[PDB]
Every structure is written in C-alpha cells, then in structure tokens.
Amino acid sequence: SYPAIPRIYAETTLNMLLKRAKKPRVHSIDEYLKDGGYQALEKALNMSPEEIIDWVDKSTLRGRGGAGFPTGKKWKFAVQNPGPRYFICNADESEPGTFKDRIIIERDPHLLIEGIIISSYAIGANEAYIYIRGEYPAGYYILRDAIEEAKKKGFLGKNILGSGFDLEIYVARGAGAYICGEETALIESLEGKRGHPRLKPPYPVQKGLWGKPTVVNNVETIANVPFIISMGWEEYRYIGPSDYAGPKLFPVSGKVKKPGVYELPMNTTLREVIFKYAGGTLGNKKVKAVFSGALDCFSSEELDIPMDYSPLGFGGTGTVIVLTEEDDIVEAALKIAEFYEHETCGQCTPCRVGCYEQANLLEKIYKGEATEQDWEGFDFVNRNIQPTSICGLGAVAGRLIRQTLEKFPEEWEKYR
C-alpha cells in the first residue's frame, strides 16, 4: 500500500514510455518482464560500456531536463576522467506545469531502474542515486519496493546477470526546494548540505559527487535508454520523423478539455498537442497564451511551431500550460513572478533581490497600487535578475515575464 496519488490522465501514440504508465497503477517486475522488460539490460551487459555510450550518442537522445544536452556526449565526457564515477537520476521535477516524470516513477519504476542500470554500466558507475522531490512520497516508496524487486531477480546488487557488474541504487529525498533540480545543487543536497548551486566550471561530469565524475540525467532521458538498446540506435532515430529523435512526454495543463501527459513524437505541433490530442479548450475559447512551464510564453500566432529542440521549436521540457481568452496575462505573470521569488536560493544578489522585487512590484501593478516609479522599477528589475548569477534560475527568472510584456502589451497597458 502506497499514499494517495492524483489520477493524472496519460495518453500515447507511440506506446513506449507510457506502454504501462498510461494506466494509473504500480506495474510490478512480473508485469514489466511480461512486456519484455530487462531484456535490454541483458543485451547491454553483453556489450562493452563504450559500445553503449556509442549507441546512446548515435541515437541522438538529448536531455529531457530542459537543457537538451546530447546524452551520449555527456557520458563520453565523464568517462574521459578516472573513476570512481557516479550516476544520478534527477527526479526533482518542480517546474510549474511539469508532471511527466512522476507517472514513470509511480507506474513503471522498472522502466526507469533498467535505464539507470544500463546507464551506470555504460559510464562504469557502481553506485547510483535517484534524487526524488519530497512532495512525491509515493514515488519514493514505489521506487524502494521496485529496487528490492530488481535485487531479488538479479538485475541489481552484486554480479548482476552473471556479468560480474555490481550496482547499488540509493533513493534520496528532496525537501521542498526547486533549486535542488539544478544538477550542482542536487549533488550538494546528496552530500547532505543545503541545495546551493556551485560555481561552474568545475562541471559535474569532471567533478560532481565527492568531486568525482558524476552524470546527472533526467528521469525521462533515462527511460529512453532501454528502448535505444532494445530497438537499436537506428530504429530509434527513425521514430518521428523529426531531427530530434525519440518519444517525448508533454505534460499538458490549464484550460484544456483533457489535461494530462501525452507521449508524442517531437514533430507534433503545439496546435496539435492542444486541439488534436488534449481535446481543444474548455468552451472552445481562443488560446491567448501557452506557458512553457515558467520558462517561455507563446502567443496564439506561435501555435504552428514544432515540439522539438530546433531554434524555432517549442524547446524546454515540453511543458504546455494553456491560457484562454478569460485568463489575465498580468495575473499569470504574477504567479510566475511569485514562483521565482519563492525558489531563488539567494546566493547571488541580483537573483535574490531581483526575484523578490519582480514579484513584489508585479503584485502592486496587479492590485492597481503601483506608482510610475514602481512601473519603471519593474522594467529595470525584470531586465537585471541575470547579472553575476551562478545558475540557470537567475538567467531565466525574468524571461517569461519579458515575453508577456512584449507579446501582450495591450493587456499590460490596461494596468498602466
């Protein structure tokens, strides 16, 4: 028995990452094995770790954690440095609108576990971690139970499948900070310290956990590894057809008729995600904006963009927060502002004060209590959160809000 989980709707056109995760229940190792699970692990253990990195590199799999870094290339970087090496699965997923990772964790943990084992073997890591956010307690317990199932079947522990390879997966819990999703802050949290990002360079692939070469990969990125090895790198790049390979999970939320997680190829357009898959909008109202999590804002004139990592593509984590006619852009920008105010770790001054002033000035703007100075200050603050920032939060904390000021000036003008 596990704690209560919300019944997140999940749908797929590819039947890969959501082959079992499309059903809202914990799939045991027996159900995973019945579907041909752990066959990729068996195949991978008969290959050299180098061959596996090459297949992952050749597959063209890119990180699913926002940054879109080629996974194969990242692994190649870590193996160029002596061991011991560490593999970390990033299950921190705390960006607003993002809920794609938990449905893999809670429904098909063995898909993730196998991916972790193959990836750890590929980089020579004998010690792996799953850093799961504290607000996913059920996911935590599900993963612990699934790790015990894997050991009992010989997929984890000592001399895995008679290959001689030893692996331990430790499940760590976060405790309420979005910043712990940032790969260096995550490592600090794992070392038992406050989730304060460290200045880069050094990079985790050379100096990570205990200053050792560490590979941090997102849950969804890891879930793609069993498919790459099972199908082969070739089959994997052919699925789309798009220049950005593999299945992709799209957490769709907001004023859509059917919010949920949609497994679609990245050639799918933003309009298709909303109208063809999510079932359009409530009352068939016009989509005014789409927030790519708390990162970007797309207007109704940008609906025909692809959901890939191309320069004109959707990008990010494929997070779709739909805003209709009835939704106030300033009120929305305030919720984004409030999110960065609450999540800045406070290490960098322009980020610490910038995120705070952006939210506080936006609240005054929204409440009709802002002076001409509060307006002029809001513009200044929004443009000056980035300076001296040592992590990605500071660089993007004003990005979405700047996009609304640029794409929806009529809406802001009402308040001015």
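Whichever C-alpha set is largest while still superposing within 1.5 Å between the two forms counts as the rigid core. All residue numbers are counted from 1 along the displayed sequence.
*Asks:* Determine, for 155-163 and 130-138, which one has C-alphas that on average lie farther from this form in 7 other deposited structures of this protein; superpose on the rigid core first.
*Replies:* When 155-163 and 130-138 are compared in 7 other deposited structures of this protein, the bigger C-alpha shift is seen for 155-163.
*Asks:* Core-aligned, which moves more in 7 other deposited structures of this protein: 180-188 or 240-248, by CA RMS?
*Replies:* Greater root mean square C-alpha distance in 7 other deposited structures of this protein: 240-248.
*Asks:* Could you check the entry and say whether 110-118 or 336-344 has the higher mean CA B-factor?
*Replies:* Mean C-alpha B-factor is greater for 336-344.
*Asks:* On mean C-alpha B-factor from the PDB entry, just flag whether 321-329 or 89-97 is the higher one.
*Replies:* Taking the mean B-factor of the alpha carbons in each, 321-329 is higher.
*Asks:* Checking the record values for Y131, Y262, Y238, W75, which has the greatest CA B factor?
*Replies:* Comparing C-alpha B-factors across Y131, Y262, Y238, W75, the maximum falls on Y238.
*Asks:* Looking at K158, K248, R102, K152, which has the highest CA B-factor as recorded?
*Replies:* So the option with the highest C-alpha B-factor is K158.
*Asks:* Based on the entry's values, in what third of the chain does the Cα temperature factor of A395 lie: lowest, middle or highest?
*Replies:* Highest third, going by the recorded CA B-factors of the chain.
*Asks:* Classify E31 as lowest, middle or highest third according to the C-alpha B-factor given in the PDB entry, relative to its own chain.
*Replies:* Middle third.
*Asks:* Pull the Cα B-factor of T349 out of the PDB entry and bin it into the chain's lowest, middle or highest third.
*Replies:* Its C-alpha B-factor belongs to the middle third of this chain's values.
*Asks:* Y170: which third of its chain by C-alpha temperature factor?
*Replies:* According to the entry, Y170 has a C-alpha B-factor in the chain's lowest third.
*Asks:* Determine, from the deposited record, the chain-internal third of the Cα B-factor for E127: lowest, middle or highest.
*Replies:* Middle third, going by the recorded CA B-factors of the chain.
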